[PDB]
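> This one's experimental. Sequence and coordinates below.
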Amino acid sequence: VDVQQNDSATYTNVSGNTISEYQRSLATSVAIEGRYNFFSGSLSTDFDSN
Amino acid sequence: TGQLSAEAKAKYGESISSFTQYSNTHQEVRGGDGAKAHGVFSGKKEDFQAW
């Protein structure tokens, strides 16, 4: 048997990192008024989406 | 004599973020003995000296 010295080392390192972020906002508002000498009217509407 | 008020409002927002990181490393050692040779991958001088 023929034995040869072969003292050796190898190293490898691979890493990946990722972040993804998405954001949305929506706002809506409506205000209405109505007037008559013997009547008053008001309406409001509000909407929010995230 | 009549009174009316009307209002409309809208707001919109969008935001996007992205991050990416990538690393690669490759080390190789020859000679000495393999067990001490693995020690140099610590990057620590005494282990490099031991190799």
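Here it is on my side, so go on. Numbering: from 1, shown residues only, chains lettered A, B, ... in the order given.
> what about residue 12, how many neighbours?
Went with chain A since none was named. Neighbour count of residue A:12, defined by other CB atoms under 10 Å in any protein chain shown: 9. Where C-beta positions appear, they are placed from N, C-alpha and C, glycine not excepted.
> you looked at the wrong chain, it should be chain B
10.
> Quick check: which element contains it?
strand B:4-30 (DSSP states H and E).
> does whichever helix or strand comes after that strand come close to chain A?
Beyond strand B:4-30 on the C-terminal side, the first helix or strand identified by DSSP H and E is helix B:34-39. Yes. Against chain A, helix B:34-39 shows contacts by CB under 8 Å from any CB of the partner chain at B:34, B:37-38.
> now the residues you listed in CSV, with distance to residue B:19?
CSV is the format used below for the residues of helix B:34-39 next to chain A (distance: CB to CB, whole Å):
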residue, distance to residue B:19
B:34, 38
B:37, 36
B:38, 33
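> Quickly name whichever of those is closest to residue A:34.
Nearest to residue A:34, judged by CB to CB, of these is residue B:38 at 84.3 Å.
> Does the closest one touch residue A:9 like I think?
Yes. Residue B:38 lies in contact with residue A:9 (CB atoms under 8 Å); the separation is 4.6 Å.
> list the residues that contact both of these two?
residue B:29 (CB atoms under 8 Å, 6 or more residues apart in numbering or on different chains).
> hmm, back to that, ok, and the most crowded of the residues of helix B:34-39 next to chain A?
residue B:37 (22 neighbours).
> Verify the contact between that residue and residue A:10 for me.
No. Using CB under 8 Å, residue B:37 makes no contact with residue A:10, being 9.2 Å away.
> Now do the shared contacts for these two.
residue B:29.
> about what we covered before: could you tell me which residues within the strand holding residue B:12 count as buried?
Buried residues in strand B:4-30, counted by 16 or more other CB atoms under 10 Å in any protein chain shown: residue B:29.
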